[PDB]
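Participant: Encoded as structure tokens, here's the structure I'll be asking about.
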Amino acid sequence: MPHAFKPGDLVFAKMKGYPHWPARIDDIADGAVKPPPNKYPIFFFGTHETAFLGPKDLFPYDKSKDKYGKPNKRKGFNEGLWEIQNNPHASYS
């Protein structure tokens with residue numbers, strides 16, 4: 001059975017006007033800006049951008065990859081597909 005989301009989990013994260021995007025739940029470093037209540041820090045692979053999203057926009061990677069894990073024209077997307085599959089827990093700092 002599913003648990004709640006935790007740092008390190010891999011997802012496709014959905015934002016308005018973008019395709020479902022390879023991403024991970026990030027840790028919050030000591031001294032770093034915390035997300036709002038009920039939101040998670042989402043690190044988007046490829047673009048290496050962070051947004052704060054809630055679970056309704058988070059699709060677990062294993063379940064969703066057959067649907068969403070396909071090349072896309074958008075900038076950083078295919079780079080992001082490589083990262084989530086090949087080194088999803090690396091520092092992209």
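Labels for the structure tokens follow display order: chains A, B, ..., residues from 1 in each chain, ligands from 1.
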Pull the alpha helix (DSSP H) assignments for chain A out of DSSP run on the backbone, and list those residues as a tab-separated table (two decimals) with C-alpha atoms, in the first residue's frame.

Facilitator:
chain	number	residue	atom	x	y	z
A	61	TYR	CA	7.23	7.30	-11.70
A	62	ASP	CA	7.00	3.48	-11.80
A	63	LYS	CA	3.21	3.49	-12.39
A	64	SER	CA	3.25	6.41	-14.90
A	65	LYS	CA	6.38	5.94	-16.98
A	66	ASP	CA	4.70	3.86	-19.71
A	67	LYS	CA	2.32	6.79	-20.28
A	68	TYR	CA	4.43	9.87	-19.70
A	77	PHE	CA	12.44	17.37	-21.27
A	78	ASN	CA	14.53	14.65	-22.93
A	79	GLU	CA	17.52	15.57	-20.79
A	80	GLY	CA	15.08	15.10	-17.87
A	81	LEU	CA	14.06	11.65	-19.10
A	82	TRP	CA	17.75	10.60	-19.11
A	83	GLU	CA	18.29	11.88	-15.58
A	84	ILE	CA	15.26	10.25	-13.97
A	85	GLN	CA	16.13	6.86	-15.54
A	86	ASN	CA	19.92	7.00	-15.16

Participant: If you run DSSP on the backbone here, which positions in chain A get strand (DSSP E)? Please write them as a ChimeraX atom specification.

Facilitator: /A:10-13,21-25,40-44,50-53,58-60

Participant: Would you pick out the contacts of residue 32 of chain A at 12 Å or less, using only C-alpha atoms, so that residues sharing its chain but fewer than 5 positions from it are not included, and give the list as a PyMOL selection string?

Facilitator: chain A and resi 26-27+41

Participant: Out of A:22, A:69, A:54, A:17, which residue has the shortest atom-to-atom distance to residue 35 of chain A when counting only C-alpha atoms?

Facilitator: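 Using only C-alpha atoms, the shortest distance to residue 35 of chain A belongs to A:54.
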
Participant: When you look at residue 60 of chain A with a cut-off of 7 Å (counting only C-alpha atoms), what residues show up, excluding the ones that are within fewer than 5 positions of it in the same chain? I need them as a PyMOL selection string.

Facilitator: chain A and resi 10-12

Participant: Store the residues of this selection in a file with C-alpha atoms, as a CSV table (one decimal), in the first residue's frame.

Facilitator:
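Dumped everything to out27.csv:
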chain,number,residue,atom,x,y,z
A,10,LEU,CA,10.4,9.9,-8.3
A,11,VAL,CA,7.4,11.3,-10.1
A,12,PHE,CA,6.0,13.0,-13.2

Participant: What's the 10 Å shell around residue 38 of chain A, counting only C-alpha atoms, without same-chain residues fewer than 2 positions away, as a PyMOL selection string?

Facilitator: chain A and resi 35-36+40+52-55

Participant: May I ask which of the residues A:13, A:74, A:29, A:23 is the closest one to residue 59 of chain A, counting only C-alpha atoms?

Facilitator: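 Looking only at the distances to residue 59 of chain A, the closest residue turns out to be A:13.
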
Participant: Quick one: pull the distance between atom CA of residue 89 of chain A and atom CA of residue 24 of chain A, Å, one decimal.

Facilitator: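 Going from atom CA of residue 89 of chain A over to atom CA of residue 24 of chain A, I get 8.3 Å.
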